[PDB]
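Engineer: Following this message is one structure expressed as structure tokens.
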Amino acid sequence: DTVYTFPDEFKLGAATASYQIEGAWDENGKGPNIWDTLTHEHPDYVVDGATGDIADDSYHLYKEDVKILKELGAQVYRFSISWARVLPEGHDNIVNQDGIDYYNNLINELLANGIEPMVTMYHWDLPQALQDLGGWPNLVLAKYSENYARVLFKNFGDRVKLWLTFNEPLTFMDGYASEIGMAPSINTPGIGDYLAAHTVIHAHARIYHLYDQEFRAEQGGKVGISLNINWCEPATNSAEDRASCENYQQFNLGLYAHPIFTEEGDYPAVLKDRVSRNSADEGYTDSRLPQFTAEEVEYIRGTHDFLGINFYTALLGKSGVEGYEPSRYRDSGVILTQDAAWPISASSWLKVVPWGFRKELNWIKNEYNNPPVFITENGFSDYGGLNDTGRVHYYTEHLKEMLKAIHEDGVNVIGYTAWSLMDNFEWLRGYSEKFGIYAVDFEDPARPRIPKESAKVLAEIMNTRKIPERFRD
Ligand SMILES: [Cl-]
Ligand SMILES: [Cl-]
Ligand code: NA
């Protein structure tokens with residue numbers, strides 16, 4: 001049963017994000033963020049015209065969140081901090097004590113209940129005052145991000161020892177690649193999304209160096225980043241289809257991980273070269289991909305204590321090019337599809353492909369020299385229901401695959417937090433797609449959290465530290 005047992009030091013828990021759960025969007029001095037703006041001004045972008053104005057009301061109900069974490073037996077709770085709740089103006093001139101108090105209250109409640117906090121600094125909720133300067137495409141945000149992080153380390157770092165600078169910049173950069181999509185819903189594909197990535201990488205590096213310089217000696221924690229990546233399986237066994245899948249990994253994960261996690265640093269060569277060529281062919285004087293200087297390459301490489309991975313699904317990749325000119329997908333040189341045979345979820349993008357998780361973990365091991373990997377998200381959507389057999393099976397299969405990666409393949413996976421502790425505001429999908437292991441009644445002002453079967457099974461896994469016999473192959 002070795003392949004079915006978690007390593008003794010491995011950390012298990014669950015995850016949320018601030019805008020998705022907190023509500024209290026303008027309470028007690030909190031400033032507006034880009035998701036307040038999107039859901040208020042553009043309800044036509046969101047299923048049901050839903051907003052995060054209340055969500056799970058975790059601003060008021062944080063003790064209930066801790067209660068269900070304790071019931072689950074979580075060792076770690078991954079949550080994010082709302083930048084505009086702490087710094088309502090985005091800049092560090094005004095610190096909102098109500099926000100400081102709130103996160104201290106949550107942290108202290110967690111620790112009093114034997115649960116370790118893991119904090120994501122940025123999970124998509126940029127202060128609107130900073131978006132008004134251009135947001136992530138404007139490199140001035142890297143210093144603003146450093147200053148935000150300093151406030152977080154100063155106030156919380158005596159008790160928080162696990163930090164993620166950013167969550168899914170591959171996703172939030174896409175808020176600069178569509179007029180109707182992710183906040184801030186700006187249509188600069190192939191140009192502004194790359195600028196956003198560039199700023200984020202710079203920001204991440206500044207935050208890491210800040211920790212080294214101002215906090216690490218006293219606080220003794222670890223700083224990483226959470227990167228999402230889909231497995232990309234060759235549509236056929238050809239060398240050409242394999243090349244396309246390598247392109248996919250480099251254009252999705254490598255975009256962020258090559259600058260940070262390799263000895264060489266910088267963007268992947270294929271990313272630089274394909275965008276350079278495409279830009280020239282379209283008549284641009286300058287490549288659409290921003291450049292790092294040698295000094296910047298050296299500053300950015302090595303800025304990590306672990307790699308956070310968000311894993312959900314797989315795609316099929318074949319040789320070719322598609323998408324609009326200009327765009328990151330077109331630049332990436334792969335044609336992406338889904339296999340009809342893969343089980344479905346309530347989310348168009350998410351098919352159940354558990355073996356893809358093991359393949360991805362091996363790809364990461366080989367590319368980045370087996371970094372410590374913390375799975376910061378993994379989970380499954382349905383439309384509702386407590387007898388969530390699909391979710392149960394998603395978890396048991398993904399955990400089995402991860403355990404094979406650890407035990408059979410030697411991948412240094414160090415922790416895992418299920419997405420999500422409870423049903424929450426699923427971005428443009430509103431409350432229509434359910435990812436929780438706890439259900440939440442969004443028509444009940446008290447927002448009760450109630451366990452699904454998946455919460456019961458995960459509790460059993462966390463308690464026994466193994467995959468139960470009935471779920472084994
Ligand atoms: Cl074949
Ligand atoms: Cl049994
Ligand atoms: Na402060």
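By order in the structure tokens, chains are A, B, ...; within a chain, residues start at 1; ligands start at 1, following the order shown.
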Pick out the residues no farther than 10 Å from ligand 3, counting only C-alpha atoms and all ligand atoms, and list them as JSON, numbers by chain.
Structural biologist: {"A": [86, 87, 92, 93, 94, 95, 96, 97, 100, 148, 150, 151, 152, 153, 154, 155, 156]}
Engineer: Take the residues just selected and output them with N, CA, C and O atoms as a PDB file, in the first residue's frame.
Structural biologist:
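Now in again.pdb:
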```pdb
ATOM      1  N   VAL A  86      -6.775  45.929   1.856  1.00  0.00           N
ATOM      2  CA  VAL A  86      -5.612  46.324   2.655  1.00  0.00           C
ATOM      3  C   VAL A  86      -5.105  47.724   2.292  1.00  0.00           C
ATOM      4  O   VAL A  86      -4.831  48.539   3.166  1.00  0.00           O
ATOM      5  N   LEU A  87      -4.972  47.986   0.995  1.00  0.00           N
ATOM      6  CA  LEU A  87      -4.518  49.261   0.442  1.00  0.00           C
ATOM      7  C   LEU A  87      -5.616  49.772  -0.492  1.00  0.00           C
ATOM      8  O   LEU A  87      -5.612  49.465  -1.685  1.00  0.00           O
ATOM      9  N   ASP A  92       0.668  52.393  -1.388  1.00  0.00           N
ATOM     10  CA  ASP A  92       0.826  52.091   0.023  1.00  0.00           C
ATOM     11  C   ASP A  92       0.705  53.280   0.969  1.00  0.00           C
ATOM     12  O   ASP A  92       1.058  53.178   2.145  1.00  0.00           O
ATOM     13  N   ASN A  93       0.159  54.391   0.475  1.00  0.00           N
ATOM     14  CA  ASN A  93      -0.015  55.564   1.329  1.00  0.00           C
ATOM     15  C   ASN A  93      -1.040  55.382   2.447  1.00  0.00           C
ATOM     16  O   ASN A  93      -0.891  55.949   3.522  1.00  0.00           O
ATOM     17  N   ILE A  94      -2.080  54.593   2.196  1.00  0.00           N
ATOM     18  CA  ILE A  94      -3.128  54.349   3.183  1.00  0.00           C
ATOM     19  C   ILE A  94      -3.277  52.847   3.384  1.00  0.00           C
ATOM     20  O   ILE A  94      -3.535  52.096   2.438  1.00  0.00           O
ATOM     21  N   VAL A  95      -3.126  52.428   4.632  1.00  0.00           N
ATOM     22  CA  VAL A  95      -3.350  51.049   5.014  1.00  0.00           C
ATOM     23  C   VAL A  95      -4.658  51.005   5.799  1.00  0.00           C
ATOM     24  O   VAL A  95      -4.860  51.744   6.760  1.00  0.00           O
ATOM     25  N   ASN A  96      -5.564  50.140   5.353  1.00  0.00           N
ATOM     26  CA  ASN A  96      -6.875  49.995   5.953  1.00  0.00           C
ATOM     27  C   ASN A  96      -6.796  49.047   7.139  1.00  0.00           C
ATOM     28  O   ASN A  96      -6.673  47.828   6.946  1.00  0.00           O
ATOM     29  N   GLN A  97      -6.835  49.587   8.349  1.00  0.00           N
ATOM     30  CA  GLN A  97      -6.715  48.753   9.527  1.00  0.00           C
ATOM     31  C   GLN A  97      -7.803  47.691   9.596  1.00  0.00           C
ATOM     32  O   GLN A  97      -7.558  46.612  10.132  1.00  0.00           O
ATOM     33  N   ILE A 100      -6.359  44.815   7.741  1.00  0.00           N
ATOM     34  CA  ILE A 100      -5.324  44.187   8.558  1.00  0.00           C
ATOM     35  C   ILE A 100      -5.948  43.305   9.645  1.00  0.00           C
ATOM     36  O   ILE A 100      -5.567  42.136   9.835  1.00  0.00           O
ATOM     37  N   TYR A 148       3.022  46.513  -1.780  1.00  0.00           N
ATOM     38  CA  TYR A 148       1.923  45.715  -1.251  1.00  0.00           C
ATOM     39  C   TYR A 148       2.432  44.518  -0.460  1.00  0.00           C
ATOM     40  O   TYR A 148       2.030  44.284   0.677  1.00  0.00           O
ATOM     41  N   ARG A 150       5.300  44.179   0.966  1.00  0.00           N
ATOM     42  CA  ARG A 150       5.938  44.597   2.209  1.00  0.00           C
ATOM     43  C   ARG A 150       4.921  44.739   3.336  1.00  0.00           C
ATOM     44  O   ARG A 150       5.154  44.302   4.463  1.00  0.00           O
ATOM     45  N   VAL A 151       3.775  45.343   3.020  1.00  0.00           N
ATOM     46  CA  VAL A 151       2.703  45.459   4.009  1.00  0.00           C
ATOM     47  C   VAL A 151       2.254  44.077   4.500  1.00  0.00           C
ATOM     48  O   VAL A 151       2.050  43.861   5.701  1.00  0.00           O
ATOM     49  N   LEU A 152       2.133  43.132   3.570  1.00  0.00           N
ATOM     50  CA  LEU A 152       1.715  41.778   3.950  1.00  0.00           C
ATOM     51  C   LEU A 152       2.755  41.066   4.822  1.00  0.00           C
ATOM     52  O   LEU A 152       2.409  40.487   5.861  1.00  0.00           O
ATOM     53  N   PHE A 153       4.021  41.120   4.399  1.00  0.00           N
ATOM     54  CA  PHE A 153       5.074  40.484   5.186  1.00  0.00           C
ATOM     55  C   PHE A 153       5.161  41.121   6.580  1.00  0.00           C
ATOM     56  O   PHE A 153       5.288  40.423   7.592  1.00  0.00           O
ATOM     57  N   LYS A 154       5.118  42.454   6.649  1.00  0.00           N
ATOM     58  CA  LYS A 154       5.241  43.156   7.918  1.00  0.00           C
ATOM     59  C   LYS A 154       4.140  42.773   8.890  1.00  0.00           C
ATOM     60  O   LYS A 154       4.379  42.540  10.071  1.00  0.00           O
ATOM     61  N   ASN A 155       2.906  42.750   8.394  1.00  0.00           N
ATOM     62  CA  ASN A 155       1.763  42.532   9.269  1.00  0.00           C
ATOM     63  C   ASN A 155       1.469  41.071   9.570  1.00  0.00           C
ATOM     64  O   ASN A 155       0.991  40.763  10.654  1.00  0.00           O
ATOM     65  N   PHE A 156       1.754  40.183   8.623  1.00  0.00           N
ATOM     66  CA  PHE A 156       1.315  38.796   8.744  1.00  0.00           C
ATOM     67  C   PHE A 156       2.429  37.762   8.787  1.00  0.00           C
ATOM     68  O   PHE A 156       2.176  36.600   9.140  1.00  0.00           O
TER      69      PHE A 156
END
```
Engineer: Set the cut-off to 8 Å, count only C-alpha atoms and all ligand atoms, and list whatever residues fall near ligand 2 as a list in words.
Structural biologist: residues 468, 469 and 470 of chain A
Engineer: Pull N, CA, C and O atoms from the residues just selected and write them as a PDB file, in the first residue's frame.
Structural biologist:
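Here's the written file result.pdb:
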```pdb
ATOM      1  N   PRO A 468      -8.360   5.166   0.449  1.00  0.00           N
ATOM      2  CA  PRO A 468      -9.099   4.000   0.945  1.00  0.00           C
ATOM      3  C   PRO A 468      -9.162   2.873  -0.079  1.00  0.00           C
ATOM      4  O   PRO A 468      -9.231   3.098  -1.287  1.00  0.00           O
ATOM      5  N   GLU A 469      -9.138   1.651   0.433  1.00  0.00           N
ATOM      6  CA  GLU A 469      -9.133   0.450  -0.392  1.00  0.00           C
ATOM      7  C   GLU A 469     -10.184   0.461  -1.500  1.00  0.00           C
ATOM      8  O   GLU A 469      -9.896   0.049  -2.626  1.00  0.00           O
ATOM      9  N   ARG A 470     -11.396   0.925  -1.195  1.00  0.00           N
ATOM     10  CA  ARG A 470     -12.482   0.842  -2.169  1.00  0.00           C
ATOM     11  C   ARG A 470     -12.261   1.726  -3.397  1.00  0.00           C
ATOM     12  O   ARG A 470     -12.974   1.579  -4.390  1.00  0.00           O
TER      13      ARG A 470
END
```
Engineer: Please return as a PyMOL selection string the residues found within 12 Å of ligand 1, counting only C-alpha atoms and all ligand atoms.
Structural biologist: chain A and resi 233-242+318
Engineer: Can you spit out the residues from that selection as a short mmCIF file (atom, residue, chain, number, x, y, z; two decimals), in the first residue's frame, using N, CA and C atoms?
Structural biologist:
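Result file again.cif:
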```cif
data_model
loop_
_atom_site.label_atom_id
_atom_site.label_comp_id
_atom_site.auth_asym_id
_atom_site.auth_seq_id
_atom_site.Cartn_x
_atom_site.Cartn_y
_atom_site.Cartn_z
N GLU A 233 -1.51 16.39 -24.70
CA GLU A 233 -1.19 15.05 -25.20
C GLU A 233 -1.10 15.06 -26.71
N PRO A 234 -0.04 14.47 -27.30
CA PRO A 234 0.03 14.48 -28.75
C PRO A 234 -1.17 13.76 -29.37
N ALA A 235 -1.79 14.40 -30.36
CA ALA A 235 -2.97 13.82 -30.99
C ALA A 235 -2.65 12.48 -31.66
N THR A 236 -1.45 12.39 -32.22
CA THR A 236 -0.87 11.15 -32.74
C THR A 236 0.56 11.04 -32.20
N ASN A 237 1.20 9.88 -32.34
CA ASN A 237 2.57 9.72 -31.84
C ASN A 237 3.69 10.36 -32.70
N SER A 238 3.33 11.22 -33.64
CA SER A 238 4.34 11.73 -34.53
C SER A 238 5.27 12.71 -33.82
N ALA A 239 6.49 12.81 -34.31
CA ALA A 239 7.41 13.84 -33.85
C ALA A 239 6.81 15.24 -33.99
N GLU A 240 6.09 15.49 -35.08
CA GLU A 240 5.47 16.80 -35.32
C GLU A 240 4.43 17.13 -34.25
N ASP A 241 3.62 16.15 -33.87
CA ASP A 241 2.62 16.40 -32.84
C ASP A 241 3.29 16.55 -31.49
N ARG A 242 4.35 15.78 -31.24
CA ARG A 242 5.11 15.97 -30.01
C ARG A 242 5.70 17.38 -29.94
N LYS A 318 -1.93 19.00 -31.80
CA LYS A 318 -1.36 18.56 -33.06
C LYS A 318 -0.61 19.71 -33.72
#
```
Engineer: Could you list, as a PyMOL selection string, every residue within 8 Å of residue 72 in chain A, counting only C-alpha atoms and ignoring same-chain residues fewer than 2 positions away?
Structural biologist: chain A and resi 68-70+74+455-456+458-459+462
Engineer: If you run DSSP over the backbone, which residues in range 250-454 of chain A end up strand (DSSP E or B)? Put them as a PyMOL selection string.
Structural biologist: chain A and resi 307-310+314-318+335-337+373-377+382+413-419+422+434+438-440+449-451
Engineer: Those residues you just picked out, can you put them in a file as a compact mmCIF listing (two decimals), in the first residue's frame with N, CA and C atoms?
Structural biologist:
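Result saved to result_17.txt:
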```txt
# COMPACT_ATOMS: atom_id res chain seq x y z
N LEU A 307 7.50 25.57 -6.28
CA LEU A 307 6.62 25.81 -7.41
C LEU A 307 5.20 25.41 -7.03
N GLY A 308 4.27 26.35 -7.12
CA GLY A 308 2.85 26.05 -6.98
C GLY A 308 2.27 25.69 -8.32
N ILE A 309 1.48 24.60 -8.37
CA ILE A 309 0.83 24.16 -9.59
C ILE A 309 -0.67 24.04 -9.39
N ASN A 310 -1.40 24.63 -10.34
CA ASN A 310 -2.83 24.43 -10.44
C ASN A 310 -3.04 23.51 -11.63
N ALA A 314 -6.57 18.21 -19.36
CA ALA A 314 -5.70 17.99 -20.49
C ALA A 314 -6.37 18.43 -21.77
N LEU A 315 -5.53 18.67 -22.77
CA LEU A 315 -5.90 18.90 -24.16
C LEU A 315 -5.13 17.93 -25.04
N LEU A 316 -5.61 17.77 -26.27
CA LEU A 316 -4.84 17.15 -27.35
C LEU A 316 -4.20 18.23 -28.19
N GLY A 317 -2.94 18.02 -28.56
CA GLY A 317 -2.24 18.95 -29.42
C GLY A 317 -1.76 18.30 -30.69
N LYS A 318 -1.93 19.00 -31.80
CA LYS A 318 -1.36 18.56 -33.06
C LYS A 318 -0.61 19.71 -33.72
N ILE A 335 -2.41 23.15 -32.49
CA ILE A 335 -3.86 23.09 -32.67
C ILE A 335 -4.41 22.22 -31.55
N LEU A 336 -5.27 22.81 -30.73
CA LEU A 336 -5.74 22.19 -29.50
C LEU A 336 -7.18 21.70 -29.64
N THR A 337 -7.42 20.49 -29.15
CA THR A 337 -8.76 19.92 -29.10
C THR A 337 -8.93 19.15 -27.79
N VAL A 373 7.15 20.85 -5.43
CA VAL A 373 5.89 21.24 -6.08
C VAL A 373 4.77 21.12 -5.07
N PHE A 374 4.05 22.23 -4.89
CA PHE A 374 2.86 22.25 -4.04
C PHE A 374 1.67 22.39 -4.99
N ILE A 375 0.76 21.41 -4.97
CA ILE A 375 -0.44 21.49 -5.80
C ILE A 375 -1.40 22.45 -5.12
N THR A 376 -1.50 23.66 -5.64
CA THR A 376 -2.29 24.68 -4.98
C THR A 376 -3.76 24.67 -5.41
N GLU A 377 -4.09 24.01 -6.52
CA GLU A 377 -5.47 23.77 -6.90
C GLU A 377 -5.57 22.49 -7.72
N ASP A 382 -19.57 20.68 -10.98
CA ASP A 382 -20.90 20.18 -11.31
C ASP A 382 -21.88 21.34 -11.17
N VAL A 413 6.60 16.25 -4.85
CA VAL A 413 5.38 16.94 -4.50
C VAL A 413 5.29 17.02 -2.98
N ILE A 414 5.06 18.23 -2.47
CA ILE A 414 5.12 18.52 -1.04
C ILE A 414 3.79 18.84 -0.37
N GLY A 415 2.76 19.12 -1.16
CA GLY A 415 1.47 19.45 -0.60
C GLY A 415 0.41 19.51 -1.68
N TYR A 416 -0.84 19.61 -1.22
CA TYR A 416 -2.01 19.59 -2.10
C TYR A 416 -3.18 20.25 -1.39
N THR A 417 -3.72 21.29 -2.03
CA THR A 417 -4.95 21.93 -1.57
C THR A 417 -6.03 21.81 -2.65
N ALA A 418 -7.14 21.16 -2.30
CA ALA A 418 -8.29 21.00 -3.19
C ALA A 418 -8.92 22.36 -3.49
N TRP A 419 -9.24 22.58 -4.76
CA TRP A 419 -10.09 23.70 -5.16
C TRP A 419 -11.52 23.17 -5.31
N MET A 422 -15.32 25.51 -0.64
CA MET A 422 -16.77 25.60 -0.79
C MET A 422 -17.14 26.24 -2.12
N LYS A 434 -20.22 24.81 -9.80
CA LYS A 434 -19.93 24.51 -8.42
C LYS A 434 -18.62 23.72 -8.37
N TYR A 438 -17.71 21.60 0.02
CA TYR A 438 -18.88 22.04 0.79
C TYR A 438 -19.81 22.83 -0.13
N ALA A 439 -21.10 22.53 -0.03
CA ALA A 439 -22.13 23.30 -0.71
C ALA A 439 -22.48 24.53 0.11
N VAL A 440 -22.86 25.59 -0.60
CA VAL A 440 -23.30 26.83 0.01
C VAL A 440 -24.62 27.25 -0.61
N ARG A 449 -22.62 26.43 5.07
CA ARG A 449 -21.74 25.50 4.36
C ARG A 449 -22.08 24.09 4.82
N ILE A 450 -22.35 23.20 3.87
CA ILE A 450 -22.70 21.82 4.23
C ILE A 450 -21.87 20.82 3.43
N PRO A 451 -21.41 19.74 4.10
CA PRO A 451 -20.48 18.85 3.41
C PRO A 451 -21.14 18.03 2.30
```
Engineer: Could you give me, as a ChimeraX atom specification, the residues within 10 Å of residue 406 in chain A, counting only C-alpha atoms and dropping anything in the same chain fewer than 2 positions from it?
Structural biologist: /A:3,6-7,358,361-362,400-404,408-414
Engineer: For those residues, write N, CA, C and O atoms to a file as a PDB file, in the first residue's frame.
Structural biologist:
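For reference, part_31.pdb as written:
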```pdb
ATOM      1  N   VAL A   3       2.274   2.884  -2.495  1.00  0.00           N
ATOM      2  CA  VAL A   3       1.882   3.805  -3.561  1.00  0.00           C
ATOM      3  C   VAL A   3       0.576   4.547  -3.241  1.00  0.00           C
ATOM      4  O   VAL A   3       0.204   5.500  -3.940  1.00  0.00           O
ATOM      5  N   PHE A   6       0.348   8.772   1.758  1.00  0.00           N
ATOM      6  CA  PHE A   6       0.989  10.073   1.660  1.00  0.00           C
ATOM      7  C   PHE A   6       2.274  10.095   2.468  1.00  0.00           C
ATOM      8  O   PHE A   6       2.311   9.545   3.565  1.00  0.00           O
ATOM      9  N   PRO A   7       3.330  10.730   1.936  1.00  0.00           N
ATOM     10  CA  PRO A   7       4.529  10.921   2.755  1.00  0.00           C
ATOM     11  C   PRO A   7       4.179  11.632   4.067  1.00  0.00           C
ATOM     12  O   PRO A   7       3.255  12.443   4.113  1.00  0.00           O
ATOM     13  N   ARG A 358      -0.208  13.069 -13.856  1.00  0.00           N
ATOM     14  CA  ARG A 358       1.078  12.393 -13.736  1.00  0.00           C
ATOM     15  C   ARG A 358       2.032  12.802 -14.860  1.00  0.00           C
ATOM     16  O   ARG A 358       3.206  13.080 -14.601  1.00  0.00           O
ATOM     17  N   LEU A 361       3.324  16.314 -14.077  1.00  0.00           N
ATOM     18  CA  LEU A 361       4.288  16.331 -12.984  1.00  0.00           C
ATOM     19  C   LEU A 361       5.661  15.841 -13.449  1.00  0.00           C
ATOM     20  O   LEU A 361       6.687  16.368 -13.017  1.00  0.00           O
ATOM     21  N   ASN A 362       5.679  14.832 -14.316  1.00  0.00           N
ATOM     22  CA  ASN A 362       6.945  14.390 -14.888  1.00  0.00           C
ATOM     23  C   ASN A 362       7.587  15.415 -15.807  1.00  0.00           C
ATOM     24  O   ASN A 362       8.808  15.579 -15.772  1.00  0.00           O
ATOM     25  N   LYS A 400      -4.525   9.491  -6.665  1.00  0.00           N
ATOM     26  CA  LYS A 400      -3.786   8.270  -7.014  1.00  0.00           C
ATOM     27  C   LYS A 400      -2.686   8.553  -8.019  1.00  0.00           C
ATOM     28  O   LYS A 400      -1.573   8.031  -7.881  1.00  0.00           O
ATOM     29  N   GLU A 401      -2.995   9.362  -9.025  1.00  0.00           N
ATOM     30  CA  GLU A 401      -2.001   9.698 -10.035  1.00  0.00           C
ATOM     31  C   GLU A 401      -0.845  10.496  -9.456  1.00  0.00           C
ATOM     32  O   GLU A 401       0.319  10.250  -9.774  1.00  0.00           O
ATOM     33  N   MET A 402      -1.166  11.440  -8.575  1.00  0.00           N
ATOM     34  CA  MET A 402      -0.133  12.214  -7.898  1.00  0.00           C
ATOM     35  C   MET A 402       0.754  11.308  -7.035  1.00  0.00           C
ATOM     36  O   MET A 402       1.978  11.474  -7.001  1.00  0.00           O
ATOM     37  N   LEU A 403       0.147  10.360  -6.323  1.00  0.00           N
ATOM     38  CA  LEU A 403       0.902   9.434  -5.487  1.00  0.00           C
ATOM     39  C   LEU A 403       1.823   8.545  -6.332  1.00  0.00           C
ATOM     40  O   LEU A 403       2.932   8.233  -5.904  1.00  0.00           O
ATOM     41  N   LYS A 404       1.396   8.152  -7.530  1.00  0.00           N
ATOM     42  CA  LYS A 404       2.288   7.445  -8.452  1.00  0.00           C
ATOM     43  C   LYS A 404       3.460   8.342  -8.855  1.00  0.00           C
ATOM     44  O   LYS A 404       4.611   7.902  -8.907  1.00  0.00           O
ATOM     45  N   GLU A 408       6.426   6.299  -7.546  1.00  0.00           N
ATOM     46  CA  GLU A 408       6.998   5.593  -8.696  1.00  0.00           C
ATOM     47  C   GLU A 408       7.958   6.445  -9.518  1.00  0.00           C
ATOM     48  O   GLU A 408       8.918   5.924 -10.091  1.00  0.00           O
ATOM     49  N   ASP A 409       7.700   7.748  -9.581  1.00  0.00           N
ATOM     50  CA  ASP A 409       8.433   8.602 -10.501  1.00  0.00           C
ATOM     51  C   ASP A 409       9.399   9.558  -9.809  1.00  0.00           C
ATOM     52  O   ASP A 409      10.131  10.277 -10.487  1.00  0.00           O
ATOM     53  N   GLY A 410       9.377   9.608  -8.482  1.00  0.00           N
ATOM     54  CA  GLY A 410      10.323  10.446  -7.752  1.00  0.00           C
ATOM     55  C   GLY A 410      10.069  11.940  -7.830  1.00  0.00           C
ATOM     56  O   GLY A 410      10.987  12.723  -7.614  1.00  0.00           O
ATOM     57  N   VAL A 411       8.846  12.355  -8.143  1.00  0.00           N
ATOM     58  CA  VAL A 411       8.521  13.783  -8.193  1.00  0.00           C
ATOM     59  C   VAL A 411       8.361  14.329  -6.768  1.00  0.00           C
ATOM     60  O   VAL A 411       7.641  13.760  -5.943  1.00  0.00           O
ATOM     61  N   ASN A 412       9.039  15.440  -6.470  1.00  0.00           N
ATOM     62  CA  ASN A 412       8.991  16.029  -5.126  1.00  0.00           C
ATOM     63  C   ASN A 412       7.759  16.894  -4.892  1.00  0.00           C
ATOM     64  O   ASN A 412       7.852  18.120  -4.752  1.00  0.00           O
ATOM     65  N   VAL A 413       6.601  16.247  -4.849  1.00  0.00           N
ATOM     66  CA  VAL A 413       5.378  16.945  -4.498  1.00  0.00           C
ATOM     67  C   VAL A 413       5.287  17.015  -2.977  1.00  0.00           C
ATOM     68  O   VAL A 413       5.400  16.002  -2.299  1.00  0.00           O
ATOM     69  N   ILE A 414       5.061  18.227  -2.469  1.00  0.00           N
ATOM     70  CA  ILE A 414       5.124  18.517  -1.042  1.00  0.00           C
ATOM     71  C   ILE A 414       3.792  18.843  -0.373  1.00  0.00           C
ATOM     72  O   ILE A 414       3.704  18.865   0.849  1.00  0.00           O
TER      73      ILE A 414
END
```
Engineer: Taking the DSSP secondary structure from the backbone, can you list the residues of range 274-368 of chain A that are helix (DSSP H, G or I), as number ranges by chain?
Structural biologist: A: 274-281, 294-300, 328-332, 354-368
Engineer: Next, dump the selected residues to file, keeping only C-alpha atoms, as a PDB file, in the first residue's frame.
Structural biologist:
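Heads up, here's the output in result_4.pdb:
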```pdb
ATOM      1  CA  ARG A 274       8.130  32.301 -32.680  1.00  0.00           C
ATOM      2  CA  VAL A 275       6.892  35.715 -31.572  1.00  0.00           C
ATOM      3  CA  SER A 276       9.914  37.451 -33.157  1.00  0.00           C
ATOM      4  CA  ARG A 277       9.278  35.746 -36.485  1.00  0.00           C
ATOM      5  CA  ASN A 278       5.540  36.357 -36.427  1.00  0.00           C
ATOM      6  CA  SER A 279       5.997  40.020 -35.502  1.00  0.00           C
ATOM      7  CA  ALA A 280       8.484  40.550 -38.320  1.00  0.00           C
ATOM      8  CA  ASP A 281       6.232  38.805 -40.843  1.00  0.00           C
ATOM      9  CA  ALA A 294      20.876  40.257 -19.012  1.00  0.00           C
ATOM     10  CA  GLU A 295      20.791  41.940 -15.621  1.00  0.00           C
ATOM     11  CA  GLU A 296      17.027  41.360 -15.382  1.00  0.00           C
ATOM     12  CA  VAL A 297      17.444  37.711 -16.400  1.00  0.00           C
ATOM     13  CA  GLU A 298      19.864  37.229 -13.506  1.00  0.00           C
ATOM     14  CA  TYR A 299      17.631  39.112 -11.063  1.00  0.00           C
ATOM     15  CA  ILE A 300      14.585  37.007 -11.940  1.00  0.00           C
ATOM     16  CA  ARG A 328      -0.665  33.989 -27.784  1.00  0.00           C
ATOM     17  CA  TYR A 329      -2.543  30.916 -29.016  1.00  0.00           C
ATOM     18  CA  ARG A 330      -1.645  31.645 -32.642  1.00  0.00           C
ATOM     19  CA  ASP A 331       1.961  32.353 -31.646  1.00  0.00           C
ATOM     20  CA  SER A 332       2.148  29.037 -29.762  1.00  0.00           C
ATOM     21  CA  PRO A 354      -6.298  11.996 -14.453  1.00  0.00           C
ATOM     22  CA  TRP A 355      -3.265  10.413 -16.125  1.00  0.00           C
ATOM     23  CA  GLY A 356      -2.503  13.870 -17.551  1.00  0.00           C
ATOM     24  CA  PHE A 357      -1.685  14.997 -14.015  1.00  0.00           C
ATOM     25  CA  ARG A 358       1.078  12.393 -13.736  1.00  0.00           C
ATOM     26  CA  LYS A 359       2.401  13.306 -17.183  1.00  0.00           C
ATOM     27  CA  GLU A 360       2.486  16.977 -16.262  1.00  0.00           C
ATOM     28  CA  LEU A 361       4.288  16.331 -12.984  1.00  0.00           C
ATOM     29  CA  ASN A 362       6.945  14.390 -14.888  1.00  0.00           C
ATOM     30  CA  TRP A 363       7.300  17.149 -17.496  1.00  0.00           C
ATOM     31  CA  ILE A 364       7.871  19.634 -14.659  1.00  0.00           C
ATOM     32  CA  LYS A 365      10.345  17.335 -12.895  1.00  0.00           C
ATOM     33  CA  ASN A 366      12.417  17.015 -16.039  1.00  0.00           C
ATOM     34  CA  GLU A 367      12.240  20.647 -17.174  1.00  0.00           C
ATOM     35  CA  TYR A 368      12.887  22.327 -13.814  1.00  0.00           C
TER      36      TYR A 368
END
```
Engineer: Contacts of residue 219 in chain A at 8 Å or less, counting only C-alpha atoms, minus same-chain residues fewer than 4 places along, as JSON, numbers by chain?
Structural biologist: {"A": [157, 158, 161, 215]}
Engineer: Go ahead and save the picked residues with C-alpha atoms, as a CSV table (one decimal), in the first residue's frame.
Structural biologist:
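Printed below is again-v9.csv as written:
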```
chain,number,residue,atom,x,y,z
A,157,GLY,CA,4.7,37.2,8.2
A,158,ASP,CA,5.3,36.5,11.9
A,161,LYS,CA,5.3,30.9,6.4
A,215,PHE,CA,12.0,39.4,6.2
```
Engineer: Given the choices A:106, A:76, A:84, A:321, which gets closest to residue 62 in chain A if the distance is worked out from only C-alpha atoms?
Structural biologist: A:106
Engineer: With distances taken over only C-alpha atoms, which of A:385, A:88, A:29, A:326 is nearest to residue 453 in chain A?
Structural biologist: A:385
Engineer: Could you name the residues that touch residue 27 in chain A at 12 Å or less, counting only C-alpha atoms, but leaving out those on the same chain fewer than 3 positions away, as a list in words?
Structural biologist: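 In the requested form, the answer reads residues 22, 23, 24, 30, 31, 32, 53, 54, 57, 59, 60, 84, 85, 86, 88, 96, 98, 99 and 102 of chain A.
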